[PDB]
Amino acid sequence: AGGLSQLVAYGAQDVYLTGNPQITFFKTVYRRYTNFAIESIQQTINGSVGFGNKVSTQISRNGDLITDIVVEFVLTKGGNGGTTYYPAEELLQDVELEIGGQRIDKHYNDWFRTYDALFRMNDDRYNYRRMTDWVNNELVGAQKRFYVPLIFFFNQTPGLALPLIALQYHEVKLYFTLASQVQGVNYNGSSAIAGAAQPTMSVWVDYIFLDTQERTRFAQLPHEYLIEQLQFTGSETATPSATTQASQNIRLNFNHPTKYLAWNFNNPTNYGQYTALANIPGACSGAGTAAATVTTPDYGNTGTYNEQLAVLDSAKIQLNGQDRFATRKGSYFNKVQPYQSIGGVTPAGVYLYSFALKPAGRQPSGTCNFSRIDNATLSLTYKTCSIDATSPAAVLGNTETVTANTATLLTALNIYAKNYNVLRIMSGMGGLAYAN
C-alpha cells in the first residue's frame, strides 16, 4: 500500500517516461566554478553635479571584471503625497557607455520607464520603485537616498562581465546628463520650488577579482561577446481627432538583428504620462472631487492599466510595402504580446512587438535583421478622442475605438529597438563588429 503500491502500477505507457532512465531527480551533481570575489567600489565623478548638468566617470581599474553599476542620488521632496513619479529615474536623463572613445550603448530616462513597464514585474518591480521614488506617503522636506541600477549588457548578466583586465589600452567611461526639472523635487508643474536643494550623486561599480588561472586567460586571449544595444527614434504623434480616426506611417530607421520593438505615446510635460488624463480615480489631480482637473495628473499614480485611456486603436508593421502581419488592436501589443513572451503585466500606453520567443532573455531566441530591410514602416491608426474626460460616466462607459479628448496631449512617439552585436576584445582594445 501507499507509495509502494503505485510503483508496482507499471505499464507499457511508462516506457516513454521512465524506461532506461537518463537522469534522476534525487541526486544533483553541482558544478565546480572558478574562484572569485566581488567588491563594490566608488568612482570619481568629473564635473559639477546639478540639475541640467553633464557629468562623466572613467571606471577605475581596481578589479579584473566589472558587472553591476548603481547611481546613488540624494533628493529632497518639495511636495506631499503622490507629487512625485520616479524622480530618481527621470533625473538620470540619459547615460552613455563608451569604450576607447567608441559608443557601445546609450540609454534614456524614458527607456528606463519603458523597460520597467515591460520587463520588470512583481515584487522586483516594486522594489525598483522603492529605489527610485517615495512610496510611503512622505511629505514636504523628506530626504531619501535613491539607487538607479544601470541596465547595459554587462550589468544584466555576469556572463557578459566587461573584462577591464583585457582592455589595457582602452578606457571605459560613462557620460551622464542630469535632468533640469523633476516633478515634486525642484519643480511643481512649471513653477520652480523655492529653496530646492541640488542633488548629490555617487557612482558605484561592482568589480570581480579573478584567480591567477582565469586572470591570465582573460588578459592574453581574444574574446567575443554577444551583447545587446538600444536604438531610439523620437517622432511627433499625429494629432488625433474627435471627429475622425487619424492615421500615420512612421519609417523605422533601425539596424542589426533586432529582438523586439517597443513604443509609447507620451506627453512631454509629464514624465511617464503614457495615457490620457481623465476624471477617474488616479487619472488626474483631485480626481473624483470638486478640485478635479484633467490638465494636471495624479503624479504618484501617473500609470494605468485602463486601455480606454490609451490612444492607439490599431497598428501593423510593413516590410518593403507588404504587411509583416495583419493589423491588430493596440491592446494586442499591450496585453497579448507581453503575455505570450514576457509573462508579467504592462500598463496601458506601452506596446510591444517581439521577434523573439523570449525577448527578456539574454540567450538569442529569434531576431529580425533590420540591416537587410530597405523599408520598414509602423502603420498607426488612432482612436477618436471624443470622450468627455471630465465625465467619469463617459470614461468608464464607452466603446473600444474612442478615448478621452485629453489624448491630444500625447504628442511624443518614442520607438525603441533592442538588437544584438558582437564586442571583440583583443590586444587590450575593444571594438564592435558591426556599426550598422
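Note that residue numbering begins at 1 and tracks the sequence as displayed.
- In this entry, 404 to 412 shows the higher mean Cα temperature factor of the pair 65 to 73 and 404 to 412.
- Between 222 to 230 and 187 to 195, the higher mean Cα B-factor belongs to 187 to 195.
- Which of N122, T275, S235, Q337 has the largest Cα B-factor in the deposited entry comes down to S235.
- Per the deposited coordinates, the residue with the largest Cα temperature factor out of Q156, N127, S314, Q318 is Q318.
- Among all modelled residues in its chain, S241 ranks in the highest third by Cα B-factor.
- Split the chain's modelled residues into thirds by C-alpha temperature factor. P281 is in the highest one.
- Looking at the C-alpha B-factors along this chain, the one for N109 belongs to the lowest third.
- When the modelled residues of the chain are ordered by their C-alpha B factor, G101 lands in the highest third.
- In the deposited entry, the Cα temperature factor of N375 sits in the top third of values across the chain's modelled residues.
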